[PDB]
Amino acid sequence: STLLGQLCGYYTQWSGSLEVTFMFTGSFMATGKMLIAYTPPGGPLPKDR
Amino acid sequence: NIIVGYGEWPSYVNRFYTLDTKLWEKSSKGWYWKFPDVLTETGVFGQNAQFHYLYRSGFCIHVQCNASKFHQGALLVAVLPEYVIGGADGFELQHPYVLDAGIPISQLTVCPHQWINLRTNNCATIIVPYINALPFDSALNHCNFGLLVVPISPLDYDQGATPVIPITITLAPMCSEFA
Amino acid sequence: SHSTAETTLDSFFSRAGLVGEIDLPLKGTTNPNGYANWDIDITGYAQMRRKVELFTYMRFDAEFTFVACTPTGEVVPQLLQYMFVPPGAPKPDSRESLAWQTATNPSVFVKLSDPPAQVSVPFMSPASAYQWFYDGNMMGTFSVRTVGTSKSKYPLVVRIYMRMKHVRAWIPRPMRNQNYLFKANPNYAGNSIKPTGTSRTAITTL
Amino acid sequence: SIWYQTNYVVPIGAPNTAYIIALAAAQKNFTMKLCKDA
Amino acid sequence: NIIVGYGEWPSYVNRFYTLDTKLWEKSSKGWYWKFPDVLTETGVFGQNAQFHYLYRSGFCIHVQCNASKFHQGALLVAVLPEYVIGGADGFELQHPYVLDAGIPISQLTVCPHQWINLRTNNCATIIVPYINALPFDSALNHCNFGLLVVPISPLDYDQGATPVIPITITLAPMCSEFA
Amino acid sequence: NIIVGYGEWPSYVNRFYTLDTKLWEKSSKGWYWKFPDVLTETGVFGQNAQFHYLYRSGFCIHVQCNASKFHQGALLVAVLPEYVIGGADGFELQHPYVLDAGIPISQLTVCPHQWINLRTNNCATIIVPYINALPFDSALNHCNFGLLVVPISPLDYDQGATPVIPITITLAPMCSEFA
């Protein structure tokens, strides 16, 4: 769905760094915490938090 | 904050025109307006645009919405030159996913855009210069661009709160020329 | 306005108190052989535990005085020994034990018709301080007997007094709330927990 | 992966569910090579 | 604000470890943790602590809780060296009045402590140096201190609001040494 | 003496690893080892190599053998990058004449090599840099080179002397990198 994926569908090789942004659209009076994790290539999905 | 389209200021009737208010609902799909057609029967700008053979102008657009701290949602406001669809009250979107033109909405951020998150801010300002392949054009036969206000995150509230949220659009011509 | 020298740590712990009482009866079964071993502890004085447990770490020296007499209170012609066994050495187990004649255990021969004996013991911990709480304090032993091969002709009682000097303390703690149950144990009776102080009928009445 | 660290705390009178929007891009060291027709 | 225990900074694996979240209820009595036992099976610190004969470290502790403006209560966070009772999930208090050790809770402010009043703040930070009668010790046979989080004022709310409030503990070793 | 492979020193866990001892017999044919596979389950180097995605290192290799003055024989020690065959205990050669790959042994001196003549010396040292067509690689999917110890002259002795001669290999990583 991104333009980066559509544009790199017109080539064969690519390499570099990326960035992801998460935006919360709840109400002003809501609170909480989340954990966002990144696992390098070759590793498995973590089993728990 | 204020974003300037494509990094360019307008260059070579100049007052604020406040349009009618839209009502944002739980089932709203989105709205769009076309320029200069939005201002062609309102005031001196509209009188000037229907009696001159050539026209050229930029614009400054403000989008506002007032809601309480117990409401939630998010809107995307964007400007798309030559928005071909496949007055002063606007039109609604039938299939917002394809933007009514066969193109994805997820890539609409490639245009001059702003985000309105009800928990963070309630305003968006975009400054648009004159874009064309010609120095001058006709104000009654060609629409230069379109303005889109689409809810990406649905409006939610608890029962007993106000079920409709107003959206107000006020705009001012910049460096307008007639001939 | 009083003086601030009354609340120093060398005034809080500053006096000689009774910490021990050794009974050497002429007959019975308390100490049938004319000797006894007393392990050096400071909680023989009943008020010392709550006072010292106000801190976690302490460091001090000690001074010991021995007062001996007959149960009536009489003074008699007797000789005693008062041997000190350092931490890590065997203790006597009989009157003929070879531990009484080991030169590395200091001894103090004295008469009953004499002023009370008095010695000083240094800081003997292998660490930098004693601790009354360990999440996871041997000072020595005093052995008391009557000099001789045969049994004594009198009944005797020996009382031991200790005074702490050169006191240092670290990391204060809340004071004890409940009754003690064991030694070297913060255990308390969980079925009978009492408030810190006294109560009243209502909050609006004095 | 995104995990819940705490629970979703909310007062009385506010909705019990919310949404998250994710946006992705590339940095200045990204490059491509050998054009192909898709 | 940040309080430094006994006015001393730590001196002569160093990352943030976030523990599992506790749920504060209307009938909660309090919780406690023991160090270094809280970090002995988690990561490189835990691997280092079970394979070395001597250990020495300080700590930095953060306590957090998020609640709304319609909740109320107050917690006391304190650190007590050599907390003898009469893993990474902690233990609950049976008799919080005597702190499970025969000592009053009202005098627990004699230790490095902080207050968390839900109407004022929602964070507490304490920096603890290394305390012992020995330069080094064993990380598997001796617990140096304990951390206490006890509610002095009960949690209250109106029906329809969230009935559990999360408490999060994140800690980082400081000037850790192994031998 | 010490030979440096291709005249290059290694450039941009670093201790001695002594392997199990081989027994040289009258009918021995030769042995070989593969790197880094020889060190992938031994110690910190082996732990590092199975948990990182990229790897890069050089090596220093010592080969030793102690025998008396009444024994005789000669060994050739050589290093061959990308030794495709047609753990820490090694493998034996089936057809040493073709080096188990269809190539003559008589031309193996074209590689970094040393001679061990029992009448002259009893040691050989080779320093190997990192060789690849890539700056980094995988330590669990690619073997960079192989080490060969082959007897060119057979072992001989008189009856009553020791019938087996020990060969010892001790090696140390140089300028190892992980990522």
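The letters A, B, C, D, E and F name the chains in turn, as written, and every chain counts its residues from 1.
Quick note on the criterion: contacts are C-beta pairs under 8 Å (C-beta built on N, C-alpha and C of every residue); 3 or more make two chains touch, one makes a residue touch a chain.
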Q | Components of the interchain contact network lacking chain E | A | A, B, D, F | C
Q | A-B compared against A-E, more contacting pairs | A | A-B
Q) Where the centre of all protein Cα atoms falls, which chain's Cα centre is nearest to that point? A) E
Q.
Suppose each chain is reduced to the average of its Cα coordinates; what separation in Å results between chain A and chain C?
A. 70
Q: Would you kindly tell me how far, in whole Å, the mean C-alpha position of chain D lies from that of chain B?
A: 26
Q | chain D and chain E: spacing of chain centres that average the CA atoms, whole Å | A | 33
Q) Taking each chain's centre as the mean position of its Cα atoms, how many Å separate chain D from chain F? A) 51
Q: Could you tell me which residues belong to chain B and also touch two or more other chains?
A: 70, 72, 74, 153
Q) Which residues belonging to chain C are in contact with no fewer than two other chains? A) none
Q) Counting only residues that touch at least 2 other chains, which ones in chain A make the list? A) 2, 23-27, 29, 31-33, 35, 49
Q: Let me know each pair of chains that touch one another.
A: A-B, A-D, A-E, A-F, B-D, C-E, D-E
Q: Could you pull out which chain D residues touch chain A in their complex?
A: 1-11, 14-15, 18-27, 29-38
Q. Residues of chain E touching chain C in their complex?
A. 6, 34, 80-86, 94-95, 97-99, 101-108, 110-111, 131, 133-134, 141-144, 146
**Q.** List of chain B residues in touch with chain D within their complex
**A.** 70, 72, 74, 109, 152-154, 156-158, 160-161
Q) Residues of chain A touching chain B in their complex? A) 1-3, 6, 23-29
Q: Would you mind writing out the residues of chain A in touch with chain E in their complex?
A: 29, 31-33, 35, 49
